[PDB]
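In what follows, every chain begins at residue 1, and chains take the letters A, B, ... in the order their sequences are listed. For the numbers below, each heavy atom of this structure counts, side chains included, while hydrogens, waters and symmetry mates do not.
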Number of protein chains: 4
Amino acid sequence: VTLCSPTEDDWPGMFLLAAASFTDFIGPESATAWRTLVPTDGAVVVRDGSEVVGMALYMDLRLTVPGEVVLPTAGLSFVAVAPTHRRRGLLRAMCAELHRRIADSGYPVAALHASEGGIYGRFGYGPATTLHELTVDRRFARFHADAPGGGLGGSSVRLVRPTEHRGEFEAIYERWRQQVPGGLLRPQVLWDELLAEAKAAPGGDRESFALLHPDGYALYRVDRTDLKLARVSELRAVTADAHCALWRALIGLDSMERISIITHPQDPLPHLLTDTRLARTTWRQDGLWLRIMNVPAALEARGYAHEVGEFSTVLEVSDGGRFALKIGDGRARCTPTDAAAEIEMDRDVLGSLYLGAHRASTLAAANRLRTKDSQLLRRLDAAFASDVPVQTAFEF
Amino acid sequence: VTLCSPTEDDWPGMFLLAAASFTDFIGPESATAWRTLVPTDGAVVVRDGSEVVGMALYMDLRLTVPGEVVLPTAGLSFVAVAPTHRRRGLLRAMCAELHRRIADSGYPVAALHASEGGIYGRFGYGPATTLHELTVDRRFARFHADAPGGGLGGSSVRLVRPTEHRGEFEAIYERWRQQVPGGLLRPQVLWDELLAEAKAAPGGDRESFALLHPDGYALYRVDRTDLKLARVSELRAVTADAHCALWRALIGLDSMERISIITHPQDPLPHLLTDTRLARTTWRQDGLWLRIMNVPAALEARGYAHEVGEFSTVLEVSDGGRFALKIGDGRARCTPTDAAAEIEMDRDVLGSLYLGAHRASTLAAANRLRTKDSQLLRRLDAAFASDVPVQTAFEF
Amino acid sequence: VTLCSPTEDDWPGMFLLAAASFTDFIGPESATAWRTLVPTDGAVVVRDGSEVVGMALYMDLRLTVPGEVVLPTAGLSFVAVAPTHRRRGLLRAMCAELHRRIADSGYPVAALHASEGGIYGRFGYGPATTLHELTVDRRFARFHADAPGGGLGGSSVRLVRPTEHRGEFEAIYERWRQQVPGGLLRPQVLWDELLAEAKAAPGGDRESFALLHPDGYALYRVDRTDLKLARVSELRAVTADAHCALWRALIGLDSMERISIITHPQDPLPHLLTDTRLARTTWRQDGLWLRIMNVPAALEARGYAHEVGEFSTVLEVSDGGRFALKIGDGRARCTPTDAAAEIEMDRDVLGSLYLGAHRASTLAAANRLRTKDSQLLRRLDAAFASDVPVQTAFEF
Amino acid sequence: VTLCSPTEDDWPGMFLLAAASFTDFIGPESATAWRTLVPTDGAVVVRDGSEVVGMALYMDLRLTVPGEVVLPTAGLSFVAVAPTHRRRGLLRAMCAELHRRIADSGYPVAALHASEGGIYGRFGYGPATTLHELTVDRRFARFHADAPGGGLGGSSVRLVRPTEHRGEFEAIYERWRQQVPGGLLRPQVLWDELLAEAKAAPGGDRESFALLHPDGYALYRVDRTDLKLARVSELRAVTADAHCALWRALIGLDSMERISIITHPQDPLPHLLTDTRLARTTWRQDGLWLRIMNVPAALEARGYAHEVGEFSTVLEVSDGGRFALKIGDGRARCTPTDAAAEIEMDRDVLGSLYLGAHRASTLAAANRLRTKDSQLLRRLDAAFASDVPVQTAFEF
Ligand SMILES: Clc1cccc(COc2ccccc2CNCc2ccncc2)c1
Ligand SMILES: Clc1cccc(COc2ccccc2CNCc2ccncc2)c1
Ligand SMILES: Clc1cccc(COc2ccccc2CNCc2ccncc2)c1
Ligand SMILES: Clc1cccc(COc2ccccc2CNCc2ccncc2)c1
């Protein structure tokens, strides 16, 4: 059992383990586009001896955090242990090696999407965004008198074929991802993949359509089996007017009974309707997970709420150092100290706080973060909150 | 079609309309206890001529708002229009008369639980609390190393018969309802009802059990049909230690596959487990709805977040006046003005902001509240937030 | 194995066989009311030797046929063979003895409700009415501009407790049953039973309500398990105005998603709505079955359509005689002949034609009735049609 | 927003709107065959300005009505409004323009298949045929002793591959459609389409088989997911013997539990079995809708029942003229009059009467057609009835 960077000869073994590990992995073409995002030395394999029994890699990503700050982010992905090689510490060894490489390379944060909720906490990843599925019974849906874009005259939204408006989607998405925490830069090869998945598949997905506004788009397709359900795969709106105009058009899908979308907890959709209850939360799950690799670089990088007055404390991350933390004027200074800790928490908890998806007070009530100062808790809650609600870009 | 306060002779007509309108209403005994909370002049009926074709009333309640302030609250309930008398403006006439009486009597707020989401907005009620059902697959559930009460030695929790510990439940609930926004004073007659519903019913509900801690209780019963589901009807914990100790005991129900509870979005339960995903959000809905009857009395009554610096603005409520609003040191002054409005919103929107369940920024993005100042929005969001997460007491 | 009229000593054996044969049969009280309708010599039992292994009886009924003619009708009921005594010819022997008694007593027709569709054809019973379940999604239901009773001002319909308006229900039903083919006289003891079943049952049915109009009523109750379904157990309307007014009130059950009723194929409900498709046919089955005991007495008794000109033919019923049949001026003369048959059919087929539920042309296309004259078929179809659509009264 | 006949340049916009509007529309090939049935000037489009936001067209059809009379029929189809352009009166404007063209061109009737039941009534279309799904549990099914084709010796039915017997199917269908009201001439291009859909589809429908008799055929295929269900897509029988022989063969599909077919309410199948209840009505819906374009041309064209004696009345169609209507000897004369109306009804109601699927008495009881003469109602019911039961040909 060796742990090595893979050679070109290892990749067929890795595509076999992939196919057996992930139902979405069709074959080598499934990996081509993503693989252009893996740097030299971004991948590890474990061999028996030899055949591939374990793999893991990271991609070079750009993640938007509160204050519209973009961090270089190591996106862990393609993580698999062969079913023959369970309980042999292979995931732990692979994560320790990648984390060493990611830290040495200078990434301040790593990120991933978890197959299960019980695995990545112990490696310092905290769930940092929240997926919220809304299902609308569009047969009852009526827009509130207050809702934008109710006026008579032309619609600002067009029904279009996705493959014919690639440039407009790219430009809108680029504007979205720079202004929203959770945003990820989407490279050309991932737009190539997305537009390929928009075609009908022989005995697979139905053809995708787009609704296009100058300041937003929605991609949606009818469900393969439930012919009265339209699933929105992605809606990116840069203005409230674009968000409301796109939902007016989706609620105009008169063939459908239901429209579903995977959105975020602060989606204003329910408030656009005379009956807020028509936007039913049908599913909720962790989205992006974060591991803070360098505590001071990450805490100094993001912006903080201007509404909380200057305060200083001492934060200890369980295996991640102790820091004098001063937050004022929406910025934070985070320097080494041996002064007594006022706040303690494991690394994973800091990742859960980092984009504003989880309140310090909520984590404190579970004893995940400990302090004897309730004023300090209120100040942390306020300071770490994000003005712009955190959203989930695309899984990887 | 007259609208009158009912006489004793009207009540059999009201119990018939009740039985036909609400599946929970068994018969007159269903109304006895609640009826002691209805003041003289708390009820209206509509007669055809004569038979009862419409009814509505309010109860005298005490509602806890942020800052641990308790307001006298008119609880609208027993609202019904006969199926013979739809679309005749009976609900509008009944709500206008009760609102006139409630305002004249000096209540600063009215509240209700809505049968449907599309009815009460137009009468100025905004959804103000959020019901969040968590279902735990307790067969996988393991407590995080950080979770309180993991130590060896005696449990602080006892399994008890509800009817034998009425005093302990009453005292714990009284402590809970005074410290949590959404809390409602529960009168002796409603404890009489609750303890009656805890017995097994011939072909009805199964017997309720209690888990009792010095600082919390849970009432739960196995589902009538799904024998592997335990439903927690109520869990009131005054400390984090009590909340964690009660969940350790519920996850010790080794007969069950699943434990469900109707809780609030900030329930720390998921954070107590090594897999946060095991606490699945299975249902979400509006809970308590609020109508602000007197804008200045309500805005001056509640406490505001100390973390936002003093600010002044001008708020217009659509049919509810314009006010100079100054918020500083966690308190607000709200005085008449004819100065230009900086913020506008319908009355229902203010009720949705009032307990901190909905952010001003979220309502602004749906255009439910309008301002040209994004700094003012961030300040309102921060100021109206509740330190202690808003919860739902008991429906009425 | 003897076949005898039962003595008082046989009835406990008959109630045991009943309880084991019919899930609705609770115990002896289940039989009390119906048993007052059984004449002396109306019942047969088969004994092993001795215990009761088979039973059957008939009740004295009054059945309305086209032309508003009321026939004395033998209603076969309480028919059971012990599961120990299958395939021993017990049903055949019991039906032969009762049919001999029914014919000797002078009944022109027998009738029953069949537990299965494959049993009673061979004993000469034809399905003569059609049960049609309509389920309305009342959340979409809007009345057509043409529909009666759309005017502003008082409703003609009242929501009432069934037990307090027994006289009004009795009088309306009596008017209904005399004007509709399929109508059955309902004796006081069956009104006693119906009003007993209207109360809530401990772990059983929910409480029944009534909608009362001068010229119609509906009895309905919410489903025991599906709390958004109201089931109409009976709607009797003597005028179109009463039918429409009652449906306006049922569609005013704003708590419900769906209203279901077991009605007849010509129920005008769908035509009252702007969307006829909202009245979904969810179930169809044979209702009342008829055996013509005396062909000429039955054919001369009922009225025929005035729109067909006088015609004469020769009808042979397979074991029931050959007759010269002359139909003109809505009346028929049916006399013995040995002239060549122009029409042949088994006895069961004549019962299926008798109330107008099945067309002669439809039965001819299945070769159930044979003739070489297509003009004669059109004439029979027209003549046997019922002006007033055939309905099903109450099962027995 | 212009309304125009489309140019060749408009058709890609129309195929996009089609794909987004109809789940069956795969792509341009989906329209090729049907499009040969659209005359010059048969189509309208609405453009924003420009892109296609609305479309509608009619095909040249031949519809069989009672008396075996074949009318030129405008078949409305491909009707779609973009989800961006709801509630802008586009459907009303498109239907007004096509109806003007259809009337000017000399069509006496228009027809369509409705996506929803609430749309086409207000444009004068009445549901005129009834789809009735029968599901047979063929494991219990036994043919009545009376049923044709029970004799020993060769079967008259052959199991064949549809594509190898196109000529026999074409000839049988042509005989069927000329003798049955509802029949439609099926052009060669629609036989090309039907025989293409009979092949297995990669992850789609299973291969279709045919049962072939000299005087009838059935096309059936096993369900894609329920492998014990055979769905009959089409059964056309010109004689009762062919209908019974084909059902004997379908009930010989010993692999299947259930056979389903979409047939008409008068299908004699149930009567062929010893248990009529085995032919369960599992679904009922409106089929073909009719708009009478020229009241007198349509009323004079169809044949009437010979069994009703000569009568005269005055019929007013709400926006369609008043006529002296004389019906005798199976023919009708319908001439202009200003004499007082004896019968009134909206245009849609006349379309519902026209093929005999709905009785005048049933529509009168919903007040859809008004008269003060009950004798006149019985005469209309009898006269408009169809000797040969109305069936549905193929949807378009
Ligand atoms: Cl060389 C390489 C690096 C990173 C990712 C991949 C592709 O990995 C997958 C492809 C299809 C299905 C599943 C996976 C693995 N699960 C994460 C994922 C999900 C969706 N899309 C992309 C990645 C290949
Ligand atoms: Cl005189 C009176 C005043 C206020 C309330 C009531 C009781 O009203 C009900 C009782 C049982 C079922 C349903 C209702 C009405 N829906 C609100 C509600 C729900 C649960 N518990 C209490 C009230 C009687
Ligand atoms: Cl002595 C006697 C004569 C006739 C009928 C009966 C009662 O028979 C039943 C009672 C309850 C359930 C089932 C049956 C038998 N199936 C027919 C039926 C159904 C509903 N209601 C009345 C009769 C007793
Ligand atoms: Cl240019 C043209 C004129 C008329 C019809 C059509 C084809 O229209 C469709 C094709 C496939 C699916 C759905 C539709 C539209 N719904 C009616 C329909 C249903 C089934 N078969 C034919 C028509 C194209």
Does this structure show an ion pair linking [X] with [Y], if we count only N-O contacts that are shorter than 4.0 Å?
X: A:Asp192; Y: A:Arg166; result: yes
X: A:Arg186; Y: A:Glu234; result: yes
X: A:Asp137; Y: A:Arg139; result: yes
X: A:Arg158; Y: D:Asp48; result: no
X: A:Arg62; Y: A:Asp60; result: yes
X: A:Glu133; Y: A:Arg280; result: no

Worksheet entry | D:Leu16 vs D:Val52, side-chain contact (heavy atoms from CB on, under 4.5 Å): CA-CA, chis, key distance, verdict | CA-CA 9 Å; D:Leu16 173 55; D:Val52 176; over 6 Å; no

Calculate, to the nearest 0.5 Å, the distance between atoms [atom1] and [atom2] belonging to [X] and [Y] respectively.
X: A:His132; Y: A:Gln391; atom1: NE2; atom2: CD; answer: 12.5 Å
X: D:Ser30; Y: D:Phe15; atom1: OG; atom2: CZ; answer: 9.0 Å
X: A:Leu246; Y: D:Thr84; atom1: CG; atom2: OG1; answer: 11.0 Å
X: A:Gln285; Y: A:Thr392; atom1: CD; atom2: OG1; answer: 11.0 Å
X: A:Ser77; Y: A:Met59; atom1: OG; atom2: CE; answer: 4.0 Å

Item to complete: Go through the steps to decide whether D:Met55 and D:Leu17 satisfy the test side-chain contact (heavy atoms from CB on, under 4.5 Å), and finish with yes or no.
Response: CA-CA 8 Å; D:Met55 65 192 183; D:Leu17 179 55; 4.1 Å; yes

For [X] and [Y], work out which heavy atoms get closest and say how close.
X: D:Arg86; Y: A:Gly252; answer: NE-O, 2.8 Å
X: D:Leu235; Y: D:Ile261; answer: CB-CD1, 3.8 Å
X: A:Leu76; Y: A:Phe396; answer: O-CE1, 3.5 Å

Do the side-chain N and O atoms of [X] and [Y] include a donor-acceptor pair separated by under 3.5 angstrom?
X: A:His243; Y: A:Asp267; value: yes
X: B:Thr282; Y: B:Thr135; value: yes
X: A:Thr129; Y: A:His264; value: no

Worksheet item: Can any side-chain N or O of A:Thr32 pair as donor or acceptor with the backbone N or O of A:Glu29 at less than 3.5 Å?
Response: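 Here the side-chain-to-backbone pair exists.
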
Worksheet item: Taking D:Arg221 for the side chain and D:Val232 for the main chain, is one N or O donor matched with an acceptor at less than 3.5 Å?
Response: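 Not at all, since once roles are kept as given, no pair shorter than 3.5 Å links the two residues.
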
Item to complete: Any chance you could lay out the side-chain contact (heavy atoms from CB on, under 4.5 Å) test for A:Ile259 and A:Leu253, step after step, and finish with the verdict?
Response: CA-CA 9 Å; A:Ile259 318 296; A:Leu253 296 166; 3.8 Å; yes

Item to complete: Report yes if the distance between the aromatic ring centroids of A:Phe78 and A:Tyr58 is under 6.0 Å, otherwise no.
Response: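 A:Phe78 vs A:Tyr58: aromatic centres not under 6.0 Å.
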
Worksheet entry | Close aromatic pair by centroid cut-off 6.0 Å: A:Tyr217 and A:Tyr173 |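 Between A:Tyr217 and A:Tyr173, the centre distance exceeds or equals 6.0 Å.
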
Discussion item. Less than 6.0 angstrom from the centroid, inside 45 degrees of the normal: does D:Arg35 satisfy that with respect to the ring of D:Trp11?
Written reply: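 Positive - D:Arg35 is close enough to the ring of D:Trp11 and near enough to its axis.
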
Item to complete: Let me know which of D:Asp226, D:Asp223, D:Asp205 forms a side chain to side chain donor-acceptor pair (under 3.5 Å) with D:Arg231.
Response: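 The option that passes is D:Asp223.
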
